[PDB]
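One structure is given below, encoded as structure tokens.
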Amino acid sequence: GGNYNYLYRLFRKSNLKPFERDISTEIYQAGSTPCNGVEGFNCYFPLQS
Amino acid sequence: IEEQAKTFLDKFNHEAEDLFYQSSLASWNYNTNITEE
Ligand SMILES: *[C@@H]1O[C@H](CO)[C@@H](O[C@@H]2O[C@H](CO)[C@@H](O)[C@H](O)[C@H]2NC(C)=O)[C@H](O)[C@H]1NC(C)=O
């Protein structure tokens, strides 16, 4: 049925420094636009499973 | 802009591969063992 408890990050502003760690979940940001916390056109969560 | 389309497809390429899997795995269980359930 699928083990959906193992996630990974697939969007970030900039690549990590070595041995750096980032557990935030603040929404992403597509083309120029606000998007005050809410998916939609060009914008969406940063974690997949 | 074009870089917005690349980030659109990556979101697509991850959600589709799992939803196509289960939708084709359930078509296997019907094809090799027929019930109506
Ligand atoms: C066809 O497959 C289904 C499901 O894969 C089988 O139905 C039940 O499967 C569960 C497993 O989750 C068993 O615990 C039940 O005992 C099964 N039902 C019955 C009536 O045995 C079904 O058995 C398969 N078809 C055949 C002919 O074995």
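FYI, it's all coordinate maths here, none of it is from the lab. Backbone-built Cβ (ideal geometry, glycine too); neighbour counts: all protein chains shown.
Tell me, what is the FRET efficiency for B:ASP10 and A:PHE41 to the nearest 0.05, using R0 = 25 angstrom and their Cβ-Cβ distance as r?
Computed FRET efficiency for B:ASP10 and A:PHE41: 0.95.
Over every pair of different alpha-carbon atoms in chain A, take the mean of 1/r and invert it; report that Kirkwood radius in Å.
12.5 Å
Rounded to whole Å, give me the distance from the Cα center of the stretch B:1-34 to that of the stretch A:7-49.
Cα centres, the stretch B:1-34 to the stretch A:7-49: 22 Å.
Using only the Cα atoms of the protein assembly as shown, build the gyration tensor, take square roots of its eigenvalues as a ≥ b ≥ c, and label the shape rounded, prolate or oblate: rounded if a/c is under 1.5, else prolate if a/b is larger than b/c, else oblate.
Prolate shape, in that a/c is at least 1.5 and a/b is the bigger ratio.
Could you work out the relative contact order of chain A, using alpha carbon pairs under 8 angstrom and six or more residues apart, expressed as a whole percent?
After rounding, I find 48 percent.
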